[PDB]
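2 protein chains.
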Amino acid sequence: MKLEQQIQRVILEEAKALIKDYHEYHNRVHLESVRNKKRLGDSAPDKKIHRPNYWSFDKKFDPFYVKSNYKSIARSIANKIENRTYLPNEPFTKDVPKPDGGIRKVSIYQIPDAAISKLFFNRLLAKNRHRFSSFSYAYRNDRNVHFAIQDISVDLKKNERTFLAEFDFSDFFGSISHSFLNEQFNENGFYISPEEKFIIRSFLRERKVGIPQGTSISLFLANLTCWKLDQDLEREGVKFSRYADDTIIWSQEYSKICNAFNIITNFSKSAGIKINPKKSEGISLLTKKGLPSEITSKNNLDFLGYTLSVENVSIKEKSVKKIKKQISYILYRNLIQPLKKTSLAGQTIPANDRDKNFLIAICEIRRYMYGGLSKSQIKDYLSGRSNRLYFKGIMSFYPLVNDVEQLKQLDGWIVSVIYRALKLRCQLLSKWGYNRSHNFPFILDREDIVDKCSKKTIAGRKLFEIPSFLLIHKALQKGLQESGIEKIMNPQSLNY
Amino acid sequence: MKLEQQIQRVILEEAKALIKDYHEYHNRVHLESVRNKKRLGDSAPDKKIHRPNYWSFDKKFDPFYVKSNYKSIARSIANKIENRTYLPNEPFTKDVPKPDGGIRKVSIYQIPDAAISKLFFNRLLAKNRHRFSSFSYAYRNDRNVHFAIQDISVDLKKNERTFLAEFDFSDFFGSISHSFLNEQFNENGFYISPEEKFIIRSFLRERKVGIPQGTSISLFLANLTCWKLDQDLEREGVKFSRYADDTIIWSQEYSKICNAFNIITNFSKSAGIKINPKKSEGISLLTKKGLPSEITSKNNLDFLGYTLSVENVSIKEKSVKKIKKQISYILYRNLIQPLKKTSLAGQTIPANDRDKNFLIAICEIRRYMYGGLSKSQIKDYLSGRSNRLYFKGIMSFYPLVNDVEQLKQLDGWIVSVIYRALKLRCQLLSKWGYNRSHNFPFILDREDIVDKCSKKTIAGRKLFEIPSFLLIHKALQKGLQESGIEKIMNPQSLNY
RNA sequence: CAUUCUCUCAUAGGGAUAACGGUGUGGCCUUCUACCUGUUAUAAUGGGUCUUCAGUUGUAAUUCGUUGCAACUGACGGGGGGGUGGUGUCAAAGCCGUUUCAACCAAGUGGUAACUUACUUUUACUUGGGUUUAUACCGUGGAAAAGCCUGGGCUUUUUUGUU
RNA sequence: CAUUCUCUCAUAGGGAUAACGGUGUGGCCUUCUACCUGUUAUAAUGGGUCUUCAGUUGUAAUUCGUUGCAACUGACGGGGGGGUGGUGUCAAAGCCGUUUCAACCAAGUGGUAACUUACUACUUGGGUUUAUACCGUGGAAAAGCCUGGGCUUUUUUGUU
DNA sequence: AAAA
DNA sequence: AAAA
Ligand SMILES: Nc1ncnc2c1ncn2[C@H]1C[C@H](O)[C@@H](COP(=O)(O)OP(=O)(O)OP(=O)(O)O)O1
Ligand SMILES: Nc1ncnc2c1ncn2[C@H]1C[C@H](O)[C@@H](COP(=O)(O)OP(=O)(O)OP(=O)(O)O)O1
Ligand SMILES: [Mg+2]
Ligand SMILES: [Mg+2]
Ligand SMILES: [Mg+2]
Ligand SMILES: [Mg+2]
Numbered sequence: 001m002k003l004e005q006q007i008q009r010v011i012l013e014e015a016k017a018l019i020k021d022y023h024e025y026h027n028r029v030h031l032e033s034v035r036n037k038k039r040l041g042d043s044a045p046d047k048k049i050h051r052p053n054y055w056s057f058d059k060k061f062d063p064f065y066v067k068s069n070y071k072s073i074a075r076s077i078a079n080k081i082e083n084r085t086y087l088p089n090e091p092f093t094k095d096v097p098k099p100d101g102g103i104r105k106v107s108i109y110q111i112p113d114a115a116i117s118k119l120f121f122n123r124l125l126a127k128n129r130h131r132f133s134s135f136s137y138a139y140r141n142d143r144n145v146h147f148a149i150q151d152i153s154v155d156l157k158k159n160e161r162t163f164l165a166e167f168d169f170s171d172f173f174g175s176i177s178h179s180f181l182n183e184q185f186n187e188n189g190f191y192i193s194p195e196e197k198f199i200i201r202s203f204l205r206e207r208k209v210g211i212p213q214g215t216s217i218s219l220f221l222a223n224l225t226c227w228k229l230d231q232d233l234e235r236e237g238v239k240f241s242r243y244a245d246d247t248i249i250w251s252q253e254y255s256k257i258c259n260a261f262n263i264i265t266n267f268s269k270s271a272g273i274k275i276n277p278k279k280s281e282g283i284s285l286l287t288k289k290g291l292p293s294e295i296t297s298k299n300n301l302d303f304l305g306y307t308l309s310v311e312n313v314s315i316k317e318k319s320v321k322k323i324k325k326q327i328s329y330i331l332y333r334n335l336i337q338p339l340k341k342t343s344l345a346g347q348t349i350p351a352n353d354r355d356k357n358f359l360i361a362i363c364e365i366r367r368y369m370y371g372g373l374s375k376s377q378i379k380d381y382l383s384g385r386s387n388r389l390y391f392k393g394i395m396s397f398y399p400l401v402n403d404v405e406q407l408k409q410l411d412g413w414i415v416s417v418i419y420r421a422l423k424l425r426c427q428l429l430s431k432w433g434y435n436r437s438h439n440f441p442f443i444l445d446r447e448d449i450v451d452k453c454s455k456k457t458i459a460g461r462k463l464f465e466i467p468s469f470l471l472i473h474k475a476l477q478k479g480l481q482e483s484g485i486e487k488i489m490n491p492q493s494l495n496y
Numbered sequence: 001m002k003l004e005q006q007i008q009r010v011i012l013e014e015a016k017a018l019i020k021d022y023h024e025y026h027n028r029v030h031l032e033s034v035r036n037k038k039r040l041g042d043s044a045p046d047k048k049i050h051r052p053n054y055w056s057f058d059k060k061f062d063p064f065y066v067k068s069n070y071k072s073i074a075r076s077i078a079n080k081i082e083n084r085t086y087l088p089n090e091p092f093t094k095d096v097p098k099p100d101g102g103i104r105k106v107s108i109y110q111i112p113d114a115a116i117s118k119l120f121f122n123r124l125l126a127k128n129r130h131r132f133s134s135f136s137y138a139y140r141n142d143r144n145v146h147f148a149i150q151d152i153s154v155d156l157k158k159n160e161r162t163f164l165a166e167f168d169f170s171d172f173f174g175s176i177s178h179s180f181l182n183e184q185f186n187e188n189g190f191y192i193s194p195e196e197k198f199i200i201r202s203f204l205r206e207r208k209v210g211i212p213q214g215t216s217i218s219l220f221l222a223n224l225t226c227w228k229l230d231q232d233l234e235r236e237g238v239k240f241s242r243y244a245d246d247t248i249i250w251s252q253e254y255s256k257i258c259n260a261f262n263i264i265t266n267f268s269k270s271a272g273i274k275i276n277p278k279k280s281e282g283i284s285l286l287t288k289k290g291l292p293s294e295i296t297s298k299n300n301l302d303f304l305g306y307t308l309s310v311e312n313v314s315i316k317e318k319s320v321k322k323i324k325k326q327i328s329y330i331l332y333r334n335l336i337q338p339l340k341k342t343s344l345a346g347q348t349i350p351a352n353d354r355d356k357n358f359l360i361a362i363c364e365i366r367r368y369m370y371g372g373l374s375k376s377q378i379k380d381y382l383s384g385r386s387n388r389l390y391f392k393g394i395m396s397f398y399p400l401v402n403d404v405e406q407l408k409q410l411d412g413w414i415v416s417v418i419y420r421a422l423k424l425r426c427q428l429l430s431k432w433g434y435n436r437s438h439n440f441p442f443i444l445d446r447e448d449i450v451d452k453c454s455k456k457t458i459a460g461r462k463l464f465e466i467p468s469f470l471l472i473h474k475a476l477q478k479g480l481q482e483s484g485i486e487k488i489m490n491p492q493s494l495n496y
């Protein structure tokens, strides 16, 4: 019957997706193990395949078991739903690390219950997304974080003095009152069928306050919870952009922003979600770099991996530190770490001006940021010689960055760190009894690294060119002007 | 070539759609001719197949010719586009009747140019719809008039006294300055590639002011033109809803609505689209039925076939008159009009309490409003006995009507008109020499028509039941609750 | 000037091809209808019944938000013109009847009929999806007849292929 | 406790099952290119070159928005510590060099190392099959334990 | 998920 | 197209 077929399809698709993910995981683990043995030699550890721990907690957690008998599970689920007796099995909750705020309580529901929640979340979103505020970029399938950043950037660039108000909700998911939620079902012209309402209440039955964490239906519940707040902020005339609990409000008038503060306070008192004074920065005044300000002032704001100023959009400083950590660790892992072991048995010592480890490190760096694109391909796309270019790297997560200066500094940092890591590798090789300072990768000065590396050619391709952020940024700008926000983050589903 | 394949696909799809429409048209004409001959007897006119006149104006207008050689057309179009020399051919402009405002000039572009406009409109909308205001419901794949009506109804029901202003632009499409349009291309973070910009300018080259009327790129340009107006209205805090030129702005404060008037005036002065004094009602005050008012007051407002009051949503009076005209003409055509001819040769005369013409008229009426649904099916859906119901009738164009009293009056009108038309048919039959007043369809009183017609059964089905608006309205409400607005009018596209 | 296939100097021009595309009805599969009752060895099949909403009562749960069940009550087919009765008041209005006229707009017009391949125009749609017997459509093929020009061509009917 | 197929009392329980699912590389088709130069009867293949942005100049169209073309100019790889020189000043700051240290965080810490299956969102344009090879389960061999057949560990084969 |  |  209709519901049972839908549940069958959803459960089968979810189980097959999980199985494909596991197979990719173990295949790439084997491949990386082969590469690691080619890297550390005799000191390389053995391949270790981890099945997820909770698969042993219950059979329905296992994708393989669910795929084994999914028709029976779907039949039983449909029968229980039609009898109004269905209740999701309790999830496996683990302490996901949140050192910024202590610890966070995540939950992994069983595959059938997670599939049911996903299906009903899809239905509810489909029939109700026209009622959600257009500034609700939280989750959804029509709104992205990048749309919010574009909106904020354009509006900030329009004027010169803006009043900000950044607020976070302390444990937003875990402190939603159930009375408020049940009162919200008959408001704003929401269309929730009795089956969907019963399912929603079923997912809230175990707890007495707040919505479960880590399941799809909670996303729709969170979006629906902040509808009166969104309407009030809109009718105040302030501009805002909410993403889950993270909210940023900016207006040109102090009175409007004070009223927005009062509105959020009233909404919190109505729904029981208090604001943590720590993460909430309060009311500020976003000016230009050197404009005098009469109240508390800041020259830039941070919003979901972007540091937004009046003039330009730039990568968040913490995200820049993450990028630096990843690149530096790639260099250390492929250049220095193998040489710090007790023995170098089974390792290929660079010779004849052929350091394969340097080539591997450069290729992996290019994969990290470009995604494997050569400079020739990017330049061809920029010139218009070609029309196809795929964007999947660290930059595809920040398509709207227009801060060329920050990317210039990042490129300089990359070159300098490459030079210093090469110097350390040469020193370690000398300490190990190999003089290689006159060979190709080590004899290069910092100034001449980029030029000589670009000139270098292997197998008819330039695999040694040092990747640059500015080039991929130019490609990103052209791709935005020809494809659109959707295409840039098309593969990269902003799940953060 | 990527562009040429896209153009080929679009042109082929458009031509095939037009060919399918034509074949449906002539098959339907033949079937209706057979039925008409079975109705009018020897006085029935002969079948007349009309190919559209403009197909002879140029071969590219003909879907058959385009489908003949579409690869060549697409190749030439792509070559001309990439040479920046492409220019759409002159459309066929005809005087579509607009007696409300005199006449209107619509344009039918050639199939290749129309296909190119549709393709580039799809692209531009896809990469820019996230910048359009959520309150613009015209020419979108995510918005439609019913979302606007739902929003207006909910907001009106929230309060009791609302200040609203209604404005129509005198000639929205034909009086848009091209300087303003070309200035709008670099605003609001719009992503328009140089190719799309060139195409847009190509479609505007023939005229010196205003956008064409009959293409899709004109629809996108109309949406893009009113972006500053939408942003200004949103920043004022007024809640508005725009559908093409028809704009409705309602707020709880007089000052906000006066500022909205000033904003629209400034936008008109900036874009050259002067408002229409006759069509624009100006600033009013929407109260309840008997609440005293201090300024010009109205109890209900009209917006795209809906008459919206504070309490309930009802069909527009002109649309109700259209429904009455259609139903009454169905009755007159199947009952009275054949009997007004000079001779009754070849016409079946009712006998043995079997009026096939009455059955045909009732079935056609049911097709008009229900779409062919029996009362049993609708009652089964309402009870929950069944889960599948299809909504395609006159009611599917007004899914949000919650005025049960108006539908009750319409049902009474239907029954009374059926009774009176049957009486006239009996009188005409008597005048023609046939006494049938004692037979089934005519002996019925007005009170007993519905009951006995429901009891009547032919071929194991109740094809004689008089259709009722209230039942299909209940089905519409349940369908809105279960499936949502998009699915209810999914087949019944109410766009324009 | 095949609406089919193909070629190219490719939004145009050649070639050969007689099918190309589409409709109503029916069969098969696939869901999708509670109950009652016809006919057969228990399944087809035929004839019927009900489904909704609101309130109250009682009842069973509820994680107390809410929900199910049972019984009653109520709602569930317009308006206008004319005649007339009862009720209502001091007299009315009003309310409740009953009779008569009508295709609708028209509860209207200075006036009142027509129309659906219509009308205007924000304005307008037809059966749940595939699978093939018979019916049959647009245009193009051919076979016949006719009526014109020329001495083969044009036009009109019929037939056949698509079928 | 096949992750395969099938049955049902169907979010659980049976049956037989030897394949099931997936990865890297290659081939093939189909696109995503300009230019110069190697080799062959004119096409493959090998090796190189450039592509961007802004301004100015002049030119050609423009439906006056703008666009094209040509030539120049300019931009196009961070920061910190130490030494040192020149410039700058009344003296400085500052600016311009040059030299040296460092894997990154670190322009930092009370202190400086480690780490990627980590910590707290991604890996090559899409299908099509030679060889490589993975998870889990069957098999066949060996071994090491219990029992007198079972358990555990390795090797081989089917997927392949 | 609209032009024409 | 949307989370564990
Ligand atoms: N990566 C994540 N994926 C999904 N949900 C997340 C993630 N991180 C946090 N959440 C949850 C926790 C919150 O309910 C909400 C995001 O809020 P967050 O900014 O983490 O602060 P918080 O609500 O935990 O506040 P506090 O730390 O003060 O309790 O979604
Ligand atoms: N049926 C239609 N199809 C396409 N465009 C239309 C249609 N009707 C109107 N338009 C155009 C005209 C306007 O620019 C806009 C809609 O305007 P509309 O509300 O019909 O009034 P209008 O602006 O034409 O007033 P007027 O009749 O006085 O000229 O789209
Ligand atoms: Mg928070
Ligand atoms: Mg108008
Ligand atoms: Mg009348
Ligand atoms: Mg350091």
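Quick note, the sequences are listed as chains B and A, same order. 1 is the number of the first residue of the first sequence in PDB author numbering; add one for each residue after it. 1 is the number of the first residue of the second sequence in PDB author numbering; add one for each residue after it. No residue lacks a Cβ here, since even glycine has one placed at the ideal position from N, Cα and C.
When you compare the CB positions of residue i and residue j, do they come within less than 7 angstroms of one another, or not?
i, j, result
"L124 (chain B)", "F203 (chain B)", "no"
"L476 (chain B)", "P350 (chain B)", "no"
"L407 (chain B)", "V310 (chain B)", "no"
"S218 (chain B)", "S134 (chain A)", "no"
"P88 (chain A)", "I11 (chain A)", "no"
Report the residue from the options whose alpha carbon sits nearest the alpha carbon of residue i.
i, options, result
"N402 (chain A)", "A:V154, A:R143, A:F120", "A:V154"
"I365 (chain B)", "B:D355, B:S343, B:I330, B:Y381", "B:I330"
"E13 (chain A)", "A:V66, A:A138, A:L3, A:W250", "A:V66"
"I488 (chain B)", "A:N352, A:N495, A:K127", "A:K127"
"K322 (chain A)", "A:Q347, A:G346, A:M369", "A:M369"
Does residue i come within less than 7 angstroms of chain A when only Cβ atoms are used?
i, result
"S383 (chain B)", "no"
"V450 (chain B)", "no"
"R235 (chain B)", "yes"
"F267 (chain B)", "no"
Is there at least one Cβ from chain B nearer than 7 angstroms to residue i's Cβ?
i, result
"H130 (chain A)", "yes"
"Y306 (chain A)", "no"
"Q184 (chain A)", "no"
What does a CB cutoff of less than 8 angstroms around residue i pick up in its chain, not counting 5 residues either side in sequence?
i, result
"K71 (chain B)", "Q8"
"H146 (chain B)", "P399, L400, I485, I488, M489, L494"
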